[PDB]
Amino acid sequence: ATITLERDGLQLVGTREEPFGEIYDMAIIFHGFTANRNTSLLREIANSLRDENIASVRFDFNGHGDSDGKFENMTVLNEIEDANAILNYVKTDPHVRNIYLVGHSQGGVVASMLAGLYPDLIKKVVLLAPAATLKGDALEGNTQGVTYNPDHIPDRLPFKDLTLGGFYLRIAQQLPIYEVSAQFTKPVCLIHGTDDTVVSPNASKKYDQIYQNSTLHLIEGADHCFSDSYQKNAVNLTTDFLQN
């Protein structure tokens, strides 16, 4: 049902997907930049794993969806602290046996980098279109088509309908994404479609070259938010990988 946690005086609200039994494995589903806990792609990954004896938890990040916090004061950094607060709960739960991390878009950087700091704890990582391009993007003064000077990052910038802060782009510019991630040497699943416009498939190609044990799945024709017909495939690879 709807479960609740805390990270430095901010409430983190999530949907736990629970299977039948006393002992089960559990996955932590992280969403991307401007996304929320319960979207089509994540909701179906959440559902699918439950049918195969795996539990799951999806939470809104600080400044996203139902959780507390301003979007203005959100960073990939404070999002990893959110990711750690969820892991504190998950690793302290009596029913939870083996932990997995599944991350789409920016949540793909949040999950890989959280797995970099917890390689001894996390048993598997499924990386769907990981937004590791967000560093090289912030460094060239262009994020999702919204510009700035990478040597003059303002206090706040209008983004679509929202307003993100400078500190987000300060951190993004000097994030040791691959560095921290390469610390995770256990199984990794990489899912990236050739038709991705937001995040380049070269982020997943870079990720594969740096991992010890990683499978690269380049699904021909698949977009960024793994839409329509391409969804069931993505969900199938995540499910098949997480049980094996």
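All residue numbers refer to positions in the sequence shown, first residue = 1.
What stretch has the higher average Cα B-factor here, 26-34 or 215-223?
Comparing 26-34 with 215-223, the higher average CA B-factor belongs to 215-223.
Higher mean Cα B-factor in the deposited model: 168-176 or 154-162?
Result of the comparison: 154-162.
Comparing against every modelled residue in the chain, figure out the third that the C-alpha B-factor of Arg50 lands in (lowest, middle or highest).
CA B-factor rank for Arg50: highest third.
Based on the entry's values, in what third of the chain does the Cα temperature factor of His64 lie: lowest, middle or highest?
Middle third.
State the tercile, meaning the lowest, middle or highest third, of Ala182 with respect to the CA B-factors recorded for its chain.
Its C-alpha B-factor, which the entry lists for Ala182, ranks in the lowest third among residues of this chain.
Compared with the other modelled residues in the chain, in which third is the CA B-factor of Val146?
Tercile = highest for this residue's CA B-factor.
Which third, lowest, middle or highest, does the C-alpha temperature factor of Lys205 belong to within its own chain?
Its C-alpha B-factor, which the entry lists for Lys205, ranks in the lowest third among residues of this chain.
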